[PDB]
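Enquirer:
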RNA sequence: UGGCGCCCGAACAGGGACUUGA
Ligand SMILES: O=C1Nc2ccc(Cl)cc2[C@@](C#CC2CC2)(C(F)(F)F)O1
Ligand SMILES: [Mg+2]
């Protein structure tokens with residue numbers, strides 16, 4: 005095959021990201037699989053000629069024992085953003101988000117059959133670290149399309165369509181969408197039939213040599243709305259907490275009012291004093307209740323703007339997240355109560375949130391993780407199971423935004 | 004027979020063309036002698052007319074030293090694969106170890122044929144020379160030599176997996192578990208193997224024996240330690256001396272246990288001139304005396320044993336100082352250290368302990384590639400309450416409780432619901448942005464209002480002051496309603512210490528309280544008594 | 001002369017809380 009010329013973003017140089025330290029177990033795994041990759045010709049050892057480097061991690065996908073290489077191409081993806089979005093971007097179908105079942109295959113093994121542009125292999129370089137820096141880390145390139153690089157599916161989509169066209173013709177009701185390395189196969193058939201079609205698709209890929231959470235239910239996803247506390251007797255603290263929550267919610271819902279509620283707190287009263295809601299106050303509170311359940315009016319997805327996902331730790335294994343582009347314009351607010363370990367729960371929440379956005383908007387969000395930068399960077403690879411990696415930043419959660427749910 | 008590493012300049016740049024500085028009689032005579040010797044050895048070739056490039060050449070017997078500033082910033086960027094160095098704790102016990110100083114290390118690796126012309130020379134009376148080998152001080156010489164040396168050692172390390180070879184800037188550490196007689200024979204094989212590629216290493220007679228002074232460490236075949244650290248016994252201390260003292264005992268902290276640098280490091284704040292005689296504080300003097308006592312006896316580390324599991328016992332030194340002893344066997348510790356750093360203005364023991372654990376985990380992965388089994392001085396229940404009721408995703412790996420006198424615990428806890436029968440205190444404070452004549456006060460449901468003028472206080476300081484008034488004038492149980500997220504955020508974190516003295520006074524007042532509820536109400540919304548407080552604390556400050 | 005580590009200070013950008021004025 006002829007390599008597709010890949011041009012880096014003008015005015016930007018290849019990645020030079022430092023390799024994060026890896027445990028001896030991961031380093032041993034990486035050397036075992038990278039030596040095999042070099043033997044097969046997928047990678048080649050390089051000298052100090054090129055200064056580029058992308059951190060490489062080792063993970064274990066769900067329900068798997070063999071180790072899996074996870075190369076962090078987040079910086080390379082940014083440095084080549086034009087190539088894989090406008091030149092060869094993959095359109096996102098708006099149908100799979102409404103499908104009963106959306107299976108997530110792993111077609112990233114078919115990219116290694118496509119050679120990579122020689123002038124671009126320099127930027128796709130990674131170093132395998134050594135414990136205690138005893139020996140120099142092993143430096144490798146990619147003689148074939150790297151998987152986890154957003155440009156490989158764009159280059160391979162020409163071959164992927166030919167692979168899936170015979171399948172899609174016979175199954176027009178299946179919405180197949182690949183983001184980076186997976187293949188989100190959505191269908192409205194029952195669970196029994198849908199798995200059969202996935203097996204048919206899997207057998208479809210094997211005939212071309214493409215060896216193959232795992233299954234999602236987009237139709238069963240509902241945004242968790244803001245719910246105000248309900249009680250027979252209201253204390254001064256309860257009204258104060260309610261007014262503070264409603265006052266903050268006014269930034270999201272313009273129709274929220276706290277006028278009559280504040281009229282109950284006129285003088286200086288004990289926080290435990292029981293305040294009997296007046297008729298006007300009760301009516302206004304009811305008005306706020308029905309506004310909150312309604313969706314945020316005027317909020318629409320803007321493809322140009324990057325999605326931002328904010329996660330809050332509600333405690334007891336419950337996490338609340340909100341996906342937005344502009345502040346207070348939440349495109350989707352949810353909760354990850356599935357959950362032991364805070365980092366394990368946060369990593370699972372990040373992967374679940376990212377997968378939800380991929381099948382809804384076709385793009386991972388920017389994550390505002392409520393975790394220390396060093397704690398996450400050290401333990402996030404022990405629970406990661408997704409081939410893709412989103413962009414995250416670490417923030418200090420304000421105490422009064424954690425009250426998305428009491 | 005060494006394969007050259009292709010090199011090229013940065014895009015749009017060309018080889019430097021610098022003027023040669025007229026050398027003196029004693030420099031020119033020596034330089035030509037060096038150039039003639041290297042030329043006869045093939046390390047330099049004469050390219051006068053076809054190489055319109057030049058670099059500054061000077062002598063600093071005489072040793073040639075060319076400054077490659079112009080060429081260093083024009084050559085392609087290299088990847089320094091090994092930037093850090095191995096901590097001796099990460100090494101492993103070896104029965105026999107030898108150090109081979111690679112004579113003419115860089116000068117044995119040929120330079121790229123297309124790049125030699127850019128490293129041109131010029132010596133007055141001139142004569143032009145170019146480097147046929149890796150130059151000294153060049154940007155690519157370290158990376159290229161390490162790559163070239165690594166490829167030279169791979170066919171020998173593969174044949175001798177038992178032998179462990181570590182390569183540094185110039186010296187080559189070849190450790191082995193073989194006997195002295197057998198080890199020397201194997202080292203000769205490496206010396207002959209290296210000689211096949213032209214690399215020269217010293218013989219046994221000209222070799223060095225342990226200890227091996229390496230990057231400040233004094234490495235033995237079975238134990239390691241930092242090089243002898245002697246602290247000055249002077250009377251008057253300057254910022255330069257404190258910087259030397261802090262650095263010297265920071266090096267010792269990784270082996271010597273219980274090294275405190277908190278007080279001495281604080282003396283470096285607010286001082287710029289290095290000649291300013293710092294009046295060493297009693298606390299700083301006390302720490303310095305303790306550090307001197309710790310360094311009285313020699314402390315030797317131990318090498319990593321992969322067959323055993325790492326332990327990491329952490330101790331609390333007080334005042335935000337932590338000490339950890341990473342070990343595998345009892346009382347024989349591979350490495351020690353400290354975590355005196357404070358993340359943020361406000362912290363407590365539990366949050367600091369988690370940060371200290373994370374720091375140990377990060378340094379343990381780089382050194383040993385595995386996290387240790389921590390032995391923290393914090394109760395399991397105490398940690399459970401913290402991380403369960405904390406907004407971060409804090410987590411620490413498998414750890415065990417060790418009962419030491421300085422246990423880690425939460426000095427106070429804020430009630431999750433209003434306290435029945437406790438007088439409510441609505442607290443707020445307004446600070447002028449020009450005259451800084453702020454004001455703080457509180458209003459309670461029992462008609463007990465108070466105000467105290469403040470000076471040189473900020474908006475933030477006044478809010479904390481208003482909280483402090485409520486705790487002072489309340490009983491054991493107090494309900495505090497503050498309309499500021501700054502004060503709420505600080506107190507809700509349950510800090511035990513902080514740089515600010517205003518918050519510290521609050522902490523010592525929160526502990527005395529058996530029950531404290533800190534509520535929050537939006538400002539300017541007329542939320543009951545909070546509106547009244549703003550009237551008192553803004554009568555002559557805000558408008 | 002370059003690199004790394006620690007500390008101090010300054011300028012930058014963003015991510016927040018808050019005050020005053022228009
Ligand atoms: O594995 C080991 N064990 C060891 C034991 C004692 C000494 Cl002094 C040195 C080592 C060694 C090393 C090294 C570099 C710091 C100098 C060696 F490579 F073997 F030389 O690493
Ligand atoms: Mg105010």
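Residue numbers (the entry's author numbering), protein chains in the order written: chain B, 5 to 216, 231 to 357, 362 to 428; chain A, 4 to 63, 70 to 134, 141 to 558. C-beta: ideal position from N, C-alpha, C; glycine also.
#1: Under 8 Å, do residue 134 of chain B and residue 63 of chain B count as touching if we go by C-beta distance?
#2: Residues of the stretch 533 to 545 of chain A with a CB closer than 8 Å to any CB of chain B: list them in chain order, please.
#3: Okay, do the stretch 77 to 95 of chain A and the stretch 150 to 164 of chain A touch, 3+ Cβ pairs below 8 Å being the bar?
#4: Tell me whether residue 324 of chain B, by its Cβ, gets closer than 7 Å to a heavy atom of ligand 2.
#5: For ligand 2, any of its heavy atoms closer than 7 Å to the Cβ of residue 445 of chain A?
#6: Quick one: measure Cβ to Cβ for residue 244 of chain A and residue 310 of chain A, integer angstroms, because I've assumed they're closer than 8 Å.
#7: Does ligand 1 have a heavy atom nearer than 7 Å to the CB of residue 179 of chain A?
#8: Just the chain B side, please: which residues come within less than 8 Å of residue 373 of chain A by C-beta, in chain order?
#9: Along the stretch 274 to 294 of chain B, where does the CB come closer than 9 Å to a CB of chain A? Name the residues.
#10: Looking only at DSSP bridge pairs, what is residue 361 of chain A linked to?
#11: Between the Cα of residue 176 of chain B and the Cα atoms of B:201, B:378, B:73, which residue gives the shortest distance?
#12: Here's a check: name, in chain order, each residue in its chain whose Cβ is nearer than 6 Å to the Cβ of residue 106 of chain B, leaving out the five neighbours to either side.
#13: Residue 21 of chain B to residue 516 of chain A, Cα distance in whole Å?
#14: What do you reckon, are the CB atoms on residue 145 of chain B and residue 128 of chain B nearer than 8 Å?
#15: Does residue 418 of chain B pass the burial test, meaning 16 or more other C-beta atoms within 10 Å, or should it be called exposed?
#16: Ordered along the chain, which non-local residues of its own chain (more than five positions away) have a Cβ less than 6 Å from that of residue 158 of chain B?
#17: Put residue 239 of chain B into one of helix, strand or coil per three-state DSSP.
#18: Taking 7 Å as the line, does the beta carbon of residue 534 of chain A fall inside it for any heavy atom of ligand 2?
#19: Confirm the yes/no value for this check: CB of residue 135 of chain A, any heavy atom of ligand 2, distance under 7 Å.
#20: Cα separation between residue 40 of chain B and residue 210 of chain B?
#21: For my contact list, residue 135 of chain A and residue 329 of chain A are in at a C-beta cut-off of 8 Å; report their separation, rounded to the angstrom.
#22: Report the option in B:318, B:303, B:204, B:389 whose CA atom is closest to the CA atom of residue 330 of chain B.
#23: Would the beta-carbon of residue 364 of chain B fall within 8 Å of that of residue 410 of chain A?
#24: In chain B, which residues lie with their C-beta within 9 Å of the C-beta of residue 269 of chain A?
#25: Taking the alpha carbon of residue 130 of chain B as the reference point, which residue from B:372, B:409, B:23 has its own alpha carbon closest?
#26: So residue 87 of chain A contacts chain B; which residues on that side make the cut at Cβ distance below 7 Å?
#27: Under 8 Å, Cβ to Cβ, is there at least one residue of chain A near residue 364 of chain B?
#28: Residues of the stretch 256 to 269 of chain B with a CB closer than 7 Å to any CB of chain A: list them in chain order, please.
#29: Do you know offhand how far residue 213 of chain B's Cα is from residue 103 of chain B's?
#30: Residue 417 of chain B versus chain A: which residues are under 7 Å apart at the beta carbon?
#31: Please classify residue 267 of chain A as buried or exposed, where buried requires at least 16 neighbouring CB atoms within 10 angstroms.
#32: Check whether the Cβ of residue 27 of chain B lies closer than 8 Å to any Cβ atom in chain A.
#33: Could you tell me which of A:271, A:527, A:459 sits nearest to residue 429 of chain A, measuring between CA atoms?
#34: Using DSSP's beta-bridge definition, name the partner residues of residue 443 of chain A.
#35: Going by other Cβ atoms of all chains shown within 10 Å of its Cβ, with 16 needed for buried, is residue 79 of chain B buried or exposed?
#36: For the stretch 156 to 202 of chain A, list the beta strand (DSSP E) runs that are entirely contained and at least 3 residues long, ordered along the chain.
Expert: So, from the listed chains and residues:
#1: Cβ distance not < 8 Å, so residue 134 of chain B and residue 63 of chain B don't count as in contact.
#2: Taking 8 Å as the Cβ-Cβ cut-off, the stretch 533 to 545 of chain A approaches chain B at 534, 535, 536, 537, 540, 541, 542, 543, 544, given in chain order.
#3: The stretch 77 to 95 of chain A makes contact with the stretch 150 to 164 of chain A: 3 or more CB pairs, one atom from each, lie closer than 8 Å.
#4: No - ligand 2 has no heavy atom lying nearer than 7 Å to the Cβ of residue 324 of chain B.
#5: Indeed, a heavy atom of ligand 2 lies less than 7 Å from the Cβ.
#6: At roughly 6 Å, the Cβ-Cβ gap stays under 8 Å, so residue 244 of chain A and residue 310 of chain A are in contact.
#7: True, at least one ligand heavy atom lies under 7 Å from that Cβ.
#8: Residues of chain B passing the Cβ test: 394, 396, 397, 400.
#9: Of all residues in the stretch 274 to 294 of chain B, 276, 280, 281, 282, 283, 284, 285, 286, 287, 288, 289, 290, 291 have a Cβ within less than 9 Å of some Cβ in chain A.
#10: According to DSSP, residue 361 of chain A bridges with A:513.
#11: Nearest C-alpha to residue 176 of chain B: B:201.
#12: Exclusion of the five residues before and after residue 106 of chain B leaves 100, 188, 190, 234, 236, 381 as the residues of its chain whose Cβ lies within less than 6 Å of its Cβ.
#13: Residue 21 of chain B and residue 516 of chain A: Cα-Cα distance of roughly 41 Å.
#14: The answer is yes: Cβ separation under 8 Å.
#15: Classification for residue 418 of chain B: exposed.
#16: Around residue 158 of chain B: 88, 92.
#17: In the three-state DSSP reduction, residue 239 of chain B falls in the coil class, being neither helix nor strand.
#18: Incorrect: residue 534 of chain A has no Cβ contact closer than 7 Å to ligand 2.
#19: Because chain A is numbered 134 and then 141 with no intervening positions, residue 135 of chain A cannot be located in this model.
#20: Taking the straight line from one Cα to the other gives about 21 Å.
#21: Coordinates for residue 135 of chain A are absent, as chain A skips straight from 134 to 141.
#22: Looking at the Cα atoms, B:389 is the closest of the given residues.
#23: Yes, these two residues count as a Cβ contact at 8 Å.
#24: Residues of chain B passing the Cβ test: none, with the nearest at roughly 14 Å.
#25: Closest in alpha carbon position to residue 130 of chain B, among B:372, B:409, B:23, is B:23.
#26: By Cβ distance, chain B contributes 52, 55.
#27: Judged by the 8 Å Cβ criterion, residue 364 of chain B is in contact with chain A.
#28: Listed by position along the chain: 258, 261, 262, 265.
#29: When rounded, the separation of the alpha-carbon atoms in residue 213 of chain B and residue 103 of chain B is 28 Å.
#30: Correct list: empty, because the minimum Cβ distance to chain A is about 10 Å.
#31: When all chains shown are included, residue 267 of chain A counts as buried.
#32: Chain A contact via Cβ: present.
#33: Put simply, of A:271, A:527, A:459 the residue whose alpha carbon is nearest the alpha carbon of residue 429 of chain A is A:527.
#34: Answer is A:456.
#35: With 16 or more Cβ atoms within 10 Å of its Cβ, residue 79 of chain B is classed as buried.
#36: As far as the stretch 156 to 202 of chain A is concerned, its whole beta strand (DSSP E) runs of at least 3 residues are 179 to 182, 186 to 191.
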